[PDB]
2 protein chains.
Amino acid sequence: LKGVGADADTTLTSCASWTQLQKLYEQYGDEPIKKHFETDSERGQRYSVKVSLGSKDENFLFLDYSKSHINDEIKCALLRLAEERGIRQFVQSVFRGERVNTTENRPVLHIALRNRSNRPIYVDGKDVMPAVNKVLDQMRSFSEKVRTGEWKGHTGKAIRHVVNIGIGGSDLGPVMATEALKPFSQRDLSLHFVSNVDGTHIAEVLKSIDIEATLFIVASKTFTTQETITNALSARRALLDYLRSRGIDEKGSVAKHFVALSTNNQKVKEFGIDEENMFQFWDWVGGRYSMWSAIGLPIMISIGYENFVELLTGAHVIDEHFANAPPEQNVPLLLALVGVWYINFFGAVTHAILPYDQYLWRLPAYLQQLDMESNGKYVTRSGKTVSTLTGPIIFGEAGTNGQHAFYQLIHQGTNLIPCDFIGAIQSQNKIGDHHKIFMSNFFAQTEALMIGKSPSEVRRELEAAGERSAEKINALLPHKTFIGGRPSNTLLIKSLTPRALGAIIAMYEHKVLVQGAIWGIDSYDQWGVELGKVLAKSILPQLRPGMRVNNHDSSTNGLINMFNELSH
Amino acid sequence: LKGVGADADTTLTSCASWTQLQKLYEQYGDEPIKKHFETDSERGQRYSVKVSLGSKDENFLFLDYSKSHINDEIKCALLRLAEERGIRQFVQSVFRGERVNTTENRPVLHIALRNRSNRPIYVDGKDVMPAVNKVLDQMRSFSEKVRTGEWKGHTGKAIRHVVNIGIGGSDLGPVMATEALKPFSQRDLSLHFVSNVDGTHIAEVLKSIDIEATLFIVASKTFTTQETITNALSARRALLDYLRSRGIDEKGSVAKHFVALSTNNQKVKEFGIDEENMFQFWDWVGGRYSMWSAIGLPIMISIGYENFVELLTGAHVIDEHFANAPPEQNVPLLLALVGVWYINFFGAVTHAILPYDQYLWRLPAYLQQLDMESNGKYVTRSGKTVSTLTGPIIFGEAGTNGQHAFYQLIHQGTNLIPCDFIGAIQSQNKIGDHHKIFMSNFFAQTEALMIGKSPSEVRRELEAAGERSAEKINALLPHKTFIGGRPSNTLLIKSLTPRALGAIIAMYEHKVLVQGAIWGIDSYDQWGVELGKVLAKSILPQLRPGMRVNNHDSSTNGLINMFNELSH
């Protein structure tokens, strides 16, 4: 990172608590996780926190971080790090509206979007709550019109297809949440998500819809995002093309089929959308933290207002828990500190999100943005080069598919991979014995990762079956041995209700906040996506049939030239 | 890994070529990638290989591995490692049928499934080709009956829904390939994939289908996989439940709606499926290498026989290329050596699969199994503990969604992430200018990762706009700086045809082979999934309402107890 050419940050590495954690790593890092359970019979309880979601169904968010290389000394020391880095003060600063996003000088108030208490939160001396509530009401009114069949298309047909056009922050949330809350959805409304600028994405959606009965939701923060605008222009062209082919008058069609979710009012007006059909969100709403805002319109159209309010309330309950609960019983802080322990001391650069809920299959992809785009920084707020590892690579697939895909590596690979196992006690689908069979894997995999299977256990088991062959035993022994001591966090909820999902995302948003603040980075900007955009914009006019270039490096030149030789 | 309790492997670390590569890393590892381009104006060509797919459309698989910290000395040295570890001999051994899967004493012949030359390949002194071709013909006959509408359901309805029931190796391939080859599919046949034992997966598919017009394909190697059998039992129960509710005679219904893809003949017969409806595959066909076999039936039903043969031929062309092409011009070997260079010398434990093709959106998940389940081993074939890092964590999303998700981390994170950018020159969907806009990002992102943007370039650019503020420049400078020197491989094809997909998967299968052989591990077994299965089987009878347990660690105990307290 000497190529960044800024001086190295010492504020974190010079912390008394950081030096202590390094000492505790050298001392207790080689101690297997099972040792902590053998020495403390109450570890499961002492290293777990249950947070009630405040609902009638007695739903909760239970974090069990016991399956970790963390003893009482390390835990106390991680909490000391949180105190020395001023997390409590930073949390208050984020929540009260301060310009914590220092590089862009913007507040970070995604918590305001779900502020059900309607406690005044000020930006420029003005309470943002009436504006947040105004959009939520506008979203309610509009979503009800789409859901009841009141909102008609140009030919008078009720909406049957809801196509969200947006990428990243204006896609992953809408996709993840509608997928996660499908049993709470209105089934007669087919949700489609056009995000990729690959023509295929719009083309396949156009093949799956009855355009006359389709509401296109153009979602984009700046409303300038090349992907979203190109797709939206093609979606508009498609609408106009259909009506022209049928000989129908196209006047006023766009206003009935197109709505916008943006911060930018003028680019929405330039596109041809009515102002009353523009759902406002603000600059203090980060894209990867926007599913709670206007961006959440396709979620609200799918699940309804009441369920969207539950989604917000779950987030609010965790926001209140995060800001008010004591350090040792604070779920997102503990989740963050467990992460810092593994990333910075163990050197674990990856983190697996393994949701044992098929509805949560798009959660790892969502968390990839939430974590990686937030914390994949190498410079602090002060402009200094980080002297520690920052954001990890997030990956994962909904279990149990991951088991038959990459658990082999988590169990027997050369990499230590901290895992987050998320599961529901009650399924929304009461299908035979599926849920108990499903959940047997949930508890087993974490147990497996922790306890492992020593050579002695393997030898015994083989001697237990009909194995008389010392050759077969000796040969199979190391292959069947599981070192164990592989960490995992278990997130257990009563059921995946909209409130529960809200609670889970907020927890991760807040985990990311703490980790970012410990590292001293700006978890809310994204300067890293700019070079790719600028270089793409420079390559775009060069992608013409037979055009030859030489202004780039020989690889990019040869690639563009080859493309141009065989493109059209 | 002292907990494996086997002696450390020295066969790889003692290699003259390994010691040399470590020396070359210490010497040239800090040299930025751009330096290699500045010193060699022909780097783009010299560090790239075009492999023709032998088709009329002049399709190819082009690997550009130039954007790497590899100079001529390092390349020569990586090829020397390949020669010292006996890769050429190992490849011949794999291809000719030898028991290279040493821990299970099984051949590894997924190459036989796509052996279009029909060159005799022997297992137990018997040519496997007539058996491979017999199943391919049986698959052809059956798939044509489903496609033409000849295969009827119990009520006489033509098949409209094809539901594949299988997990991992019996899922990811079928999902990835049908998604990848959707423009070559028969649209009136809706493909569904039930994999998760989460009741939700079967339940949602049951809501999306007309059971009378549904063919259920039970795919499982051993036909004992708990997930696949539980789902298949529920799919059968669902069929029988429908007919009983309509008062229809259920006799002979299962035989018309259910088919099996297995190696196990008796478990298929015990389930209630006719023998003529059992599509055979063998023990030498690894699950994660099975999409080419009987497991590929849902792919064949979707795209047709001719297109499935093209899929096989693409794989065959790369199989021939891999086994016969010279080391310096061998695509999977080079791809593998670039990987070994990054994993073992740079310490890069992650690898991003970034396919710039929306149809290839399930490719990273497929490659997660192919790579991670194959190479996520810590013990060699000889039973010794590995002394090097093995399989990396594979992740990725189809671009351009990844750009707005985690590229921020790849560009500005504290982790070096080797990336595989895969793209097509020609789209199957000619939608406006979408493909050129799309591909501008494809070439740009790799260029971006490589060249970066130095502080001088950032200062100049800001001075170029209307920036007079030295404070704003100085503050934004490190945040806007891109260190560059981030590696990438560019895989460019003319178009994503079935042949092209076959070529891509085979290349990765062979990359995994070389990497596994260099490390000395068994890339074809999966002993790491067994503990989770055994512990799940032990937890299953304990998951009853109100049941309390104490035989596990306090975490697993508390989790099972909490589940049982609030489950039913």
# chains A, B, ... in the order shown; residues from 1 in each chain; ligands from 1
$ closest_atom_pairs --of "chain A" --to "chain B" --cutoff "6 Å" --atoms "only C-alpha atoms" --output "CSV"
residue,atom,partner,partner_atom,distance
A:3,CA,B:483,CA,5.2
A:4,CA,B:483,CA,5.8
A:44,CA,B:555,CA,4.1
A:168,CA,B:404,CA,4.7
A:196,CA,B:400,CA,5.6
A:197,CA,B:438,CA,5.6
A:198,CA,B:438,CA,5.6
A:199,CA,B:434,CA,5.1
A:200,CA,B:429,CA,5.7
A:369,CA,B:405,CA,4.2
A:372,CA,B:406,CA,5.2
A:373,CA,B:406,CA,5.2
A:376,CA,B:409,CA,3.9
A:377,CA,B:413,CA,4.8
A:378,CA,B:413,CA,5.4
A:383,CA,B:478,CA,5.9
A:389,CA,B:414,CA,5.5
A:390,CA,B:414,CA,6.0
A:395,CA,B:395,CA,5.9
A:400,CA,B:196,CA,5.6
A:401,CA,B:196,CA,5.9
A:404,CA,B:168,CA,4.7
A:405,CA,B:369,CA,4.2
A:406,CA,B:373,CA,5.2
A:408,CA,B:528,CA,4.4
A:409,CA,B:376,CA,3.9
A:411,CA,B:528,CA,5.8
A:412,CA,B:377,CA,5.2
A:413,CA,B:376,CA,4.3
A:414,CA,B:389,CA,5.5
A:425,CA,B:563,CA,5.6
A:426,CA,B:567,CA,5.7
A:429,CA,B:200,CA,5.7
A:431,CA,B:199,CA,5.3
A:434,CA,B:199,CA,5.1
A:438,CA,B:198,CA,5.6
A:440,CA,B:536,CA,4.7
A:441,CA,B:536,CA,4.9
A:444,CA,B:536,CA,4.9
A:445,CA,B:532,CA,5.1
A:448,CA,B:532,CA,5.6
A:478,CA,B:383,CA,5.9
A:480,CA,B:527,CA,5.8
A:481,CA,B:4,CA,5.9
A:483,CA,B:3,CA,5.2
A:527,CA,B:480,CA,5.8
A:528,CA,B:408,CA,4.4
A:529,CA,B:408,CA,5.5
A:532,CA,B:445,CA,5.1
A:535,CA,B:444,CA,5.2
A:536,CA,B:440,CA,4.7
A:539,CA,B:440,CA,5.4
A:540,CA,B:440,CA,5.2
A:554,CA,B:44,CA,4.7
A:555,CA,B:44,CA,4.1
A:563,CA,B:425,CA,5.6
A:567,CA,B:425,CA,5.7
$ atom_distance --atom1 "CA of residue 88 (chain B)" --atom2 "CA of residue 284 (chain B)"
20.4 Å
$ select_by_dssp --residues "region 181-324 of chain B" --states "alpha helix (DSSP H)" --output "JSON, numbers by chain"
{"B": [199, 200, 201, 202, 203, 204, 205, 206, 207, 208, 226, 227, 228, 229, 230, 231, 232, 233, 234, 235, 236, 237, 238, 239, 240, 241, 242, 243, 244, 245, 254, 255, 256, 257, 266, 267, 268, 269, 270, 271, 297, 298, 299, 300, 301, 302, 303, 305, 306, 307, 308, 309, 310, 311, 312, 313, 314, 315, 316, 317, 318, 319, 320, 321, 322, 323, 324]}
$ select_by_dssp --residues "region 172-374 of chain B" --states "strand (DSSP E)" --output "PyMOL selection string"
chain B and resi 190-194+214-219+258-262+278-280+350-356
$ atom_distance --atom1 "CA of residue 77 (chain A)" --atom2 "CA of residue 49 (chain A)"
18.4 Å
$ atom_distance --atom1 "CA of residue 185 (chain A)" --atom2 "CA of residue 228 (chain B)"
27.5 Å
